[PDB]
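> File model26.txt below, compact mmCIF, C-alpha atoms and all ligand atoms:
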# COMPACT_ATOMS: atom_id res chain seq x y z
CA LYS K 4 102.75 155.51 43.15
CA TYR K 5 103.27 157.27 39.81
CA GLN K 6 101.93 160.57 38.48
CA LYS K 7 100.69 160.43 34.89
CA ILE K 8 100.90 163.99 33.56
CA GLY K 9 99.73 164.31 29.97
CA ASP K 10 101.60 161.64 28.01
CA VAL K 11 104.37 161.67 30.60
CA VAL K 12 104.75 159.36 33.60
CA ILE K 13 106.70 160.46 36.68
CA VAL K 14 108.19 157.55 38.64
CA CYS K 32 102.30 153.02 27.94
CA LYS K 33 102.80 156.74 27.35
CA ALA K 34 105.15 159.11 25.52
CA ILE K 35 108.00 159.07 28.05
CA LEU K 36 108.68 158.86 31.80
CA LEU K 37 110.88 160.75 34.26
CA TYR K 38 112.53 160.23 37.65
CA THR K 39 112.45 163.04 40.22
CA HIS K 50 116.57 167.30 39.66
CA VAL K 51 115.05 165.34 36.78
CA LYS K 52 116.40 162.26 35.01
CA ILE K 53 114.98 160.81 31.80
CA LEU K 54 114.32 157.07 31.75
CA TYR K 55 112.78 156.76 28.28
CA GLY K 56 112.69 159.27 25.45
CA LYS K 57 113.47 162.94 24.95
CA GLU K 58 110.30 165.04 25.23
CA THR K 59 109.16 166.31 28.66
CA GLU K 60 106.58 168.79 27.38
CA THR K 61 102.90 167.74 27.44
CA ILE K 62 99.32 168.94 27.63
CA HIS K 63 97.52 167.92 30.80
CA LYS K 64 93.73 167.78 31.01
CA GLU K 65 91.99 168.31 34.34
CA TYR K 66 88.31 169.02 34.90
CA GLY K 67 87.71 170.36 31.41
CA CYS K 68 90.89 172.42 31.40
CA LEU K 69 94.04 171.98 29.33
CA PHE K 70 97.46 172.67 30.85
CA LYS K 71 100.52 172.59 28.66
CA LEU K 72 103.78 172.45 30.60
CA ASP K 73 107.29 171.05 30.58
CA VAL K 74 107.14 168.50 33.36
CA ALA K 75 110.94 168.61 33.64
CA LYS K 76 110.96 172.32 34.54
CA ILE K 77 107.45 172.94 35.88
CA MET K 78 106.03 171.01 38.83
CA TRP K 79 102.40 169.92 38.92
CA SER K 80 101.07 169.63 42.47
CA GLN K 81 98.78 166.70 43.27
CA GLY K 82 97.89 168.04 46.72
CA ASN K 83 96.46 171.30 45.39
CA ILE K 84 93.70 169.73 43.23
CA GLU K 85 90.93 170.42 45.74
CA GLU K 86 91.77 174.14 45.87
CA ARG K 87 91.87 174.35 42.05
CA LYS K 88 88.37 172.81 42.00
CA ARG K 89 87.28 175.32 44.66
CA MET K 90 88.64 178.32 42.72
CA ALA K 91 86.80 177.21 39.59
CA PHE K 92 83.43 178.53 40.77
CA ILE K 93 84.53 181.05 43.41
CA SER K 94 83.87 184.06 41.17
CA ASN K 95 81.08 185.34 38.88
CA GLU K 96 80.56 187.24 35.61
CA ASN K 97 80.41 190.59 37.40
CA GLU K 98 83.94 190.32 38.80
CA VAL K 99 87.40 191.43 37.81
CA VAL K 100 89.94 189.10 39.38
CA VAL K 101 93.69 189.48 39.97
CA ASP K 102 95.74 186.30 40.32
CA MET K 103 99.05 187.41 41.86
CA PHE K 104 100.98 184.15 41.51
CA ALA K 105 99.44 182.64 38.39
CA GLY K 106 102.04 180.08 37.31
CA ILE K 107 100.85 178.18 34.22
CA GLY K 108 97.28 178.99 35.21
CA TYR K 109 96.40 176.47 37.93
CA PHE K 110 93.73 178.78 39.35
CA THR K 111 93.38 181.31 36.57
CA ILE K 112 92.29 178.83 33.90
CA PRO K 113 89.48 177.02 35.78
CA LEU K 114 88.29 180.27 37.35
CA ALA K 115 88.24 182.04 33.99
CA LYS K 116 86.38 179.13 32.42
CA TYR K 117 83.80 178.23 35.10
CA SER K 118 83.24 181.58 36.88
CA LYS K 119 83.47 183.58 33.62
CA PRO K 120 84.50 186.85 35.31
CA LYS K 121 84.72 190.00 33.20
CA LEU K 122 88.50 189.85 33.39
CA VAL K 123 91.33 188.14 35.19
CA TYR K 124 94.80 189.64 35.42
CA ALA K 125 97.18 186.71 35.71
CA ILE K 126 100.58 187.82 36.98
CA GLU K 127 103.53 185.41 36.79
CA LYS K 128 107.18 186.37 37.36
CA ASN K 129 108.97 183.35 35.89
CA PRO K 130 109.41 183.59 32.07
CA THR K 131 109.16 179.83 31.51
CA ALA K 132 105.93 179.43 33.55
CA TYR K 133 104.67 182.59 31.85
CA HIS K 134 105.26 181.00 28.45
CA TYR K 135 102.89 178.19 29.41
CA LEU K 136 100.35 180.52 31.05
CA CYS K 137 100.25 182.16 27.63
CA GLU K 138 99.80 178.87 25.69
CA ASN K 139 97.15 177.74 28.17
CA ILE K 140 94.95 180.82 27.80
CA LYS K 141 95.02 180.17 24.05
CA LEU K 142 94.51 176.39 24.39
CA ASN K 143 91.45 176.94 26.57
CA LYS K 144 90.19 179.61 24.17
CA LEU K 145 89.76 182.19 26.93
CA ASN K 146 88.94 185.77 26.02
CA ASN K 147 88.74 187.14 29.55
CA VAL K 148 92.37 186.68 30.64
CA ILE K 149 95.28 189.12 30.42
CA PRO K 150 98.64 187.54 31.35
CA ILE K 151 101.32 189.82 32.80
CA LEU K 152 104.98 188.80 32.96
CA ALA K 153 106.28 190.50 36.09
CA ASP K 154 106.91 190.49 39.79
CA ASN K 155 103.43 191.34 41.06
CA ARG K 156 105.02 194.02 43.26
CA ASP K 157 105.94 195.89 40.08
CA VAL K 158 102.50 195.71 38.50
CA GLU K 159 100.39 198.86 38.72
CA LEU K 160 96.66 198.06 38.77
CA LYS K 161 94.95 200.47 41.17
CA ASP K 162 91.50 199.69 42.59
CA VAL K 163 90.44 197.25 39.85
CA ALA K 164 89.99 193.94 41.68
CA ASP K 165 86.81 192.53 43.19
CA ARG K 166 88.87 189.48 44.15
CA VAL K 167 92.58 188.76 44.57
CA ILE K 168 94.14 185.29 44.81
CA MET K 169 97.46 184.83 46.62
CA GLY K 170 98.39 181.18 46.01
CA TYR K 171 101.93 181.38 47.44
CA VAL K 172 103.38 180.27 50.77
CA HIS K 173 106.66 182.21 51.06
CA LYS K 174 106.26 185.31 53.23
CA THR K 175 102.94 185.96 51.48
CA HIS K 176 102.08 188.69 53.99
CA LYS K 177 104.89 190.80 52.48
CA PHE K 178 102.75 191.07 49.35
CA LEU K 179 99.56 192.33 51.05
CA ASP K 180 100.49 195.99 50.55
CA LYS K 181 100.19 195.31 46.83
CA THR K 182 97.05 193.21 47.05
CA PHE K 183 95.33 196.06 48.89
CA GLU K 184 96.33 198.39 46.04
CA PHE K 185 94.71 196.02 43.53
CA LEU K 186 91.52 195.74 45.57
CA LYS K 187 88.43 197.87 44.91
CA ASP K 188 86.64 199.83 47.66
CA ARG K 189 85.21 196.44 48.59
CA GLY K 190 86.49 192.96 47.77
CA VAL K 191 87.82 189.61 48.93
CA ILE K 192 91.37 188.25 49.23
CA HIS K 193 92.28 184.57 49.13
CA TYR K 194 95.35 184.55 51.34
CA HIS K 195 97.62 181.51 51.65
CA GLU K 196 100.08 180.87 54.45
CA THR K 197 101.87 177.94 56.05
CA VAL K 198 101.38 178.08 59.80
CA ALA K 199 101.84 176.04 62.98
CA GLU K 200 98.64 174.26 63.98
CA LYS K 201 98.45 176.04 67.34
CA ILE K 202 97.97 179.51 65.82
CA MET K 203 96.54 178.57 62.42
CA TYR K 204 93.24 180.36 63.18
CA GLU K 205 95.05 183.33 64.69
CA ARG K 206 98.27 184.47 62.98
CA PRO K 207 96.98 184.68 59.39
CA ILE K 208 94.16 186.88 60.67
CA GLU K 209 96.26 189.30 62.69
CA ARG K 210 98.55 189.67 59.65
CA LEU K 211 95.59 190.52 57.42
CA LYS K 212 94.33 193.08 59.96
CA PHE K 213 97.76 194.69 60.30
CA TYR K 214 98.11 195.19 56.54
CA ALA K 215 94.45 196.11 56.09
CA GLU K 216 94.86 199.02 58.53
CA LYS K 217 98.21 199.88 56.98
CA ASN K 218 96.40 200.28 53.66
CA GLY K 219 93.16 201.90 54.80
CA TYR K 220 90.96 198.81 54.75
CA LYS K 221 89.17 196.89 57.49
CA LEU K 222 88.31 193.19 57.84
CA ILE K 223 84.59 192.45 57.51
CA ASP K 224 84.43 188.68 57.76
CA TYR K 225 86.62 185.70 57.03
CA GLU K 226 86.88 181.93 56.86
CA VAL K 227 89.93 179.74 57.31
CA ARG K 228 90.27 176.47 55.37
CA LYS K 229 92.96 173.78 55.51
CA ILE K 230 94.51 172.74 52.21
CA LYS K 231 97.18 170.21 53.16
CA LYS K 232 99.66 169.27 55.86
CA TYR K 233 102.76 171.19 54.77
CA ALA K 234 105.10 169.68 57.35
CA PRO K 235 104.97 167.97 60.76
CA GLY K 236 102.68 170.23 62.81
CA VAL K 237 102.33 172.86 60.08
CA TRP K 238 99.31 173.48 57.86
CA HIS K 239 99.00 175.19 54.49
CA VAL K 240 95.84 177.24 54.93
CA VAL K 241 93.80 179.62 52.83
CA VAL K 242 91.82 182.44 54.32
CA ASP K 243 88.89 183.92 52.45
CA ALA K 244 88.66 187.48 53.75
CA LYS K 245 86.32 190.33 52.81
CA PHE K 246 87.43 193.94 53.18
CA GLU K 247 86.13 197.44 52.61
CA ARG K 248 88.24 200.58 52.87
CA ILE K 249 87.99 203.01 55.82
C1 LIG S 301 102.94 178.03 40.19
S1 LIG S 301 102.19 178.63 41.72
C2 LIG S 301 102.19 177.11 42.71
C3 LIG S 301 100.76 176.62 42.98
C4 LIG S 301 100.60 175.14 43.33
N1 LIG S 301 101.89 174.47 43.44
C5 LIG S 301 99.67 174.41 42.36
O1 LIG S 301 100.08 173.46 41.70
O2 LIG S 301 98.49 174.75 42.22
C6 LIG S 301 103.50 179.72 42.37
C7 LIG S 301 104.05 180.62 41.25
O3 LIG S 301 104.19 181.97 41.64
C8 LIG S 301 105.28 182.55 40.95
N2 LIG S 301 105.79 183.72 41.69
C9 LIG S 301 106.65 183.70 42.76
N3 LIG S 301 106.85 184.98 43.17
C10 LIG S 301 106.13 185.81 42.38
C11 LIG S 301 105.98 187.19 42.37
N4 LIG S 301 106.63 187.93 43.26
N5 LIG S 301 105.17 187.78 41.42
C12 LIG S 301 104.50 186.99 40.49
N6 LIG S 301 104.66 185.62 40.51
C13 LIG S 301 105.46 185.03 41.44
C14 LIG S 301 106.29 181.43 40.81
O4 LIG S 301 107.08 181.58 39.66
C15 LIG S 301 105.41 180.20 40.70
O5 LIG S 301 105.24 179.90 39.34
Could the structure of this file be written out as structure tokens, please?
Ligand SMILES: C[S@@+](CC[C@H](N)C(=O)[O-])C[C@H]1O[C@@H](n2cnc3c(N)ncnc32)[C@H](O)[C@@H]1O


Amino acid sequence: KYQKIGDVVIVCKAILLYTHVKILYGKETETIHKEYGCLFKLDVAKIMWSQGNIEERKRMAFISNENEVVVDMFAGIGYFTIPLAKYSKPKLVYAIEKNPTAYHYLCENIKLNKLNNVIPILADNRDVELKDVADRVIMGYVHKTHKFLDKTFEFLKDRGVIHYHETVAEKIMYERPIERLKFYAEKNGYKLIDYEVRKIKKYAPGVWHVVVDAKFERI
């Protein structure tokens, strides 16, 4: 098919691209994309917009509440941060993003959506120092995500929930993510209270991208 992002078509509009990006008509790859009330400015030539993650972005929108402080550890241009900040209206969301280009757009997007409860941080989340401030932490990343749990447990309050993503073989999809969480919980002085595992999309033959919603309290 063909993805229409903002005024840009990926294969009338402003311009269109071929996906490693080649221009087929025009010069400008930057646009503002509107999804479920939210505006996302990005350069479609240097920032990818994932079709298959739409359901999770919709789910994150209302996952919080006005009593919460939320840390988004892999914020990007604000895929989760923006909807969550708008529809859950938490007290505050720390949106950490390591890549300077994606960070630029995270910054524009907070402004575009007129959000006053978001603080963007340009950094590797492992370098950020936010002790015991988070009611909720989102880990939307699938590359050795478990290696980041030591940090997410630092962020977490005495009690809170982590949204942990992993890609995992179907056979152990309800097992491995959980044992990893329990290992790092104990490592950091927390214990697992309850959890739920949800599928997000087939990541590869036999392998699922999953998200586990897990609640912890320390001791
Ligand atoms: C943009 S999200 C992808 C989400 C999904 N593709 C979607 O469309 O909803 C992943 C982001 O995490 C960022 N990232 C990777 N490692 C990081 C780290 N250690 N600390 C903070 N951000 C990181 C990457 O730059 C990337 O922008």

> Return as a ChimeraX atom specification every polymer residue, whether protein, DNA or RNA, with at least one atom no more than 6 Å from an atom of ligand LIG 301 (chain S); count all atoms listed in the file.

/K:79-80,83,103-106,109,126-129,132,153-155,170-171

> Calculate how many Å separate atom CA of residue K:90 from atom CA of residue K:188, rounding to one decimal.

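Computing it gives 22.2 Å between the two atoms.
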
> Take atom CA of residue K:156 and atom CA of residue K:179 and report the distance between them in Å, one decimal.

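Calculated distance between atom CA of residue K:156 and atom CA of residue K:179 is 9.7 Å.
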
> Find the distance between atom CA of residue K:122 and atom CA of residue K:99 and write it in Å to one decimal.

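Calculated distance between atom CA of residue K:122 and atom CA of residue K:99 is 4.8 Å.
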
> Counting all atoms listed in the file, which of K:135, K:238, K:5, K:66 gets nearest to residue K:113?

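Of the candidates, the smallest distance to residue K:113 is held by K:66.
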
> Pick the closest to residue K:115 from K:146, K:175, K:218, K:81: which is it, counting all atoms listed in the file?

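Residue with the minimum atom-to-atom distance to residue K:115: K:146.
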
> Could you list, as a VMD selection string, every residue within 8 Å of residue K:137, counting all atoms listed in the file and ignoring same-chain residues fewer than 3 positions away?

chain K and resid 107 133 to 134 140 to 141 150

> Determine, for each residue of stretch 183-210 of chain K having at least one atom at most 12 Å from an atom of stretch 93-96 of chain K, the closest pair of atoms and their separation in Å to one decimal, counting only C-alpha atoms; order by chain and ascending number, as JSON lines.


{"residue": "K:190", "atom": "CA", "partner": "K:94", "partner_atom": "CA", "distance": 11.4}
{"residue": "K:191", "atom": "CA", "partner": "K:94", "partner_atom": "CA", "distance": 10.3}
{"residue": "K:192", "atom": "CA", "partner": "K:93", "partner_atom": "CA", "distance": 11.5}
{"residue": "K:193", "atom": "CA", "partner": "K:93", "partner_atom": "CA", "distance": 10.3}

> Output stretch 161-183 of chain K as a PDB file, in the coordinates of the input, making sure N, CA, C and O atoms are there.


ATOM      1  N   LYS K 161      95.646 199.857  40.042  1.00  0.00           N
ATOM      2  CA  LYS K 161      94.950 200.470  41.170  1.00  0.00           C
ATOM      3  C   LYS K 161      93.435 200.276  41.198  1.00  0.00           C
ATOM      4  O   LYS K 161      92.737 200.603  40.235  1.00  0.00           O
ATOM      5  N   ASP K 162      92.937 199.745  42.313  1.00  0.00           N
ATOM      6  CA  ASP K 162      91.500 199.690  42.590  1.00  0.00           C
ATOM      7  C   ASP K 162      90.677 199.053  41.470  1.00  0.00           C
ATOM      8  O   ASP K 162      89.631 199.579  41.088  1.00  0.00           O
ATOM      9  N   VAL K 163      91.135 197.916  40.958  1.00  0.00           N
ATOM     10  CA  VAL K 163      90.440 197.250  39.850  1.00  0.00           C
ATOM     11  C   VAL K 163      89.866 195.891  40.226  1.00  0.00           C
ATOM     12  O   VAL K 163      89.023 195.358  39.508  1.00  0.00           O
ATOM     13  N   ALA K 164      90.323 195.325  41.339  1.00  0.00           N
ATOM     14  CA  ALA K 164      89.990 193.940  41.680  1.00  0.00           C
ATOM     15  C   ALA K 164      88.830 193.790  42.657  1.00  0.00           C
ATOM     16  O   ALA K 164      88.814 194.405  43.725  1.00  0.00           O
ATOM     17  N   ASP K 165      87.855 192.968  42.277  1.00  0.00           N
ATOM     18  CA  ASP K 165      86.810 192.530  43.190  1.00  0.00           C
ATOM     19  C   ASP K 165      87.354 191.392  44.049  1.00  0.00           C
ATOM     20  O   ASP K 165      86.894 191.166  45.165  1.00  0.00           O
ATOM     21  N   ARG K 166      88.341 190.680  43.515  1.00  0.00           N
ATOM     22  CA  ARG K 166      88.870 189.480  44.150  1.00  0.00           C
ATOM     23  C   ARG K 166      90.341 189.306  43.805  1.00  0.00           C
ATOM     24  O   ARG K 166      90.727 189.440  42.638  1.00  0.00           O
ATOM     25  N   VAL K 167      91.167 189.021  44.811  1.00  0.00           N
ATOM     26  CA  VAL K 167      92.580 188.760  44.570  1.00  0.00           C
ATOM     27  C   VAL K 167      92.969 187.394  45.140  1.00  0.00           C
ATOM     28  O   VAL K 167      92.640 187.069  46.278  1.00  0.00           O
ATOM     29  N   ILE K 168      93.685 186.604  44.352  1.00  0.00           N
ATOM     30  CA  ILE K 168      94.140 185.290  44.810  1.00  0.00           C
ATOM     31  C   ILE K 168      95.646 185.320  45.057  1.00  0.00           C
ATOM     32  O   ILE K 168      96.413 185.760  44.199  1.00  0.00           O
ATOM     33  N   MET K 169      96.057 184.842  46.229  1.00  0.00           N
ATOM     34  CA  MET K 169      97.460 184.830  46.620  1.00  0.00           C
ATOM     35  C   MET K 169      97.955 183.408  46.887  1.00  0.00           C
ATOM     36  O   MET K 169      98.338 183.088  48.009  1.00  0.00           O
ATOM     37  N   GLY K 170      97.951 182.562  45.856  1.00  0.00           N
ATOM     38  CA  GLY K 170      98.390 181.180  46.010  1.00  0.00           C
ATOM     39  C   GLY K 170      99.903 181.026  46.085  1.00  0.00           C
ATOM     40  O   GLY K 170     100.535 180.565  45.138  1.00  0.00           O
ATOM     41  N   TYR K 171     100.477 181.401  47.223  1.00  0.00           N
ATOM     42  CA  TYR K 171     101.930 181.380  47.440  1.00  0.00           C
ATOM     43  C   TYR K 171     102.147 181.235  48.930  1.00  0.00           C
ATOM     44  O   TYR K 171     101.371 181.772  49.713  1.00  0.00           O
ATOM     45  N   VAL K 172     103.176 180.499  49.339  1.00  0.00           N
ATOM     46  CA  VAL K 172     103.380 180.270  50.770  1.00  0.00           C
ATOM     47  C   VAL K 172     104.714 180.786  51.334  1.00  0.00           C
ATOM     48  O   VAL K 172     105.112 180.413  52.439  1.00  0.00           O
ATOM     49  N   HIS K 173     105.392 181.651  50.589  1.00  0.00           N
ATOM     50  CA  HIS K 173     106.660 182.210  51.060  1.00  0.00           C
ATOM     51  C   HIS K 173     106.559 183.686  51.422  1.00  0.00           C
ATOM     52  O   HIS K 173     106.554 184.557  50.552  1.00  0.00           O
ATOM     53  N   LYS K 174     106.475 183.956  52.723  1.00  0.00           N
ATOM     54  CA  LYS K 174     106.260 185.310  53.230  1.00  0.00           C
ATOM     55  C   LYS K 174     105.196 186.068  52.433  1.00  0.00           C
ATOM     56  O   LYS K 174     105.386 187.213  52.029  1.00  0.00           O
ATOM     57  N   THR K 175     104.065 185.403  52.227  1.00  0.00           N
ATOM     58  CA  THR K 175     102.940 185.960  51.480  1.00  0.00           C
ATOM     59  C   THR K 175     102.470 187.303  52.041  1.00  0.00           C
ATOM     60  O   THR K 175     102.064 188.188  51.286  1.00  0.00           O
ATOM     61  N   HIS K 176     102.516 187.451  53.362  1.00  0.00           N
ATOM     62  CA  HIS K 176     102.080 188.690  53.990  1.00  0.00           C
ATOM     63  C   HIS K 176     102.823 189.911  53.439  1.00  0.00           C
ATOM     64  O   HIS K 176     102.271 191.009  53.396  1.00  0.00           O
ATOM     65  N   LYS K 177     104.065 189.709  53.004  1.00  0.00           N
ATOM     66  CA  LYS K 177     104.890 190.800  52.480  1.00  0.00           C
ATOM     67  C   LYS K 177     104.316 191.382  51.198  1.00  0.00           C
ATOM     68  O   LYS K 177     104.763 192.433  50.730  1.00  0.00           O
ATOM     69  N   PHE K 178     103.355 190.671  50.615  1.00  0.00           N
ATOM     70  CA  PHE K 178     102.750 191.070  49.350  1.00  0.00           C
ATOM     71  C   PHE K 178     101.392 191.741  49.540  1.00  0.00           C
ATOM     72  O   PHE K 178     100.790 192.198  48.570  1.00  0.00           O
ATOM     73  N   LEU K 179     100.909 191.801  50.781  1.00  0.00           N
ATOM     74  CA  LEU K 179      99.560 192.330  51.050  1.00  0.00           C
ATOM     75  C   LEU K 179      99.434 193.822  50.744  1.00  0.00           C
ATOM     76  O   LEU K 179      98.358 194.295  50.385  1.00  0.00           O
ATOM     77  N   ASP K 180     100.519 194.573  50.899  1.00  0.00           N
ATOM     78  CA  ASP K 180     100.490 195.990  50.550  1.00  0.00           C
ATOM     79  C   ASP K 180     100.032 196.136  49.097  1.00  0.00           C
ATOM     80  O   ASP K 180      99.211 196.995  48.763  1.00  0.00           O
ATOM     81  N   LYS K 181     100.565 195.281  48.234  1.00  0.00           N
ATOM     82  CA  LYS K 181     100.190 195.310  46.830  1.00  0.00           C
ATOM     83  C   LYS K 181      98.762 194.812  46.622  1.00  0.00           C
ATOM     84  O   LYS K 181      97.975 195.420  45.889  1.00  0.00           O
ATOM     85  N   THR K 182      98.407 193.705  47.260  1.00  0.00           N
ATOM     86  CA  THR K 182      97.050 193.210  47.050  1.00  0.00           C
ATOM     87  C   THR K 182      95.984 194.217  47.470  1.00  0.00           C
ATOM     88  O   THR K 182      94.927 194.311  46.839  1.00  0.00           O
ATOM     89  N   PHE K 183      96.262 194.997  48.508  1.00  0.00           N
ATOM     90  CA  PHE K 183      95.330 196.060  48.890  1.00  0.00           C
ATOM     91  C   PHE K 183      95.276 197.199  47.866  1.00  0.00           C
ATOM     92  O   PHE K 183      94.250 197.861  47.734  1.00  0.00           O
TER      93      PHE K 183
END
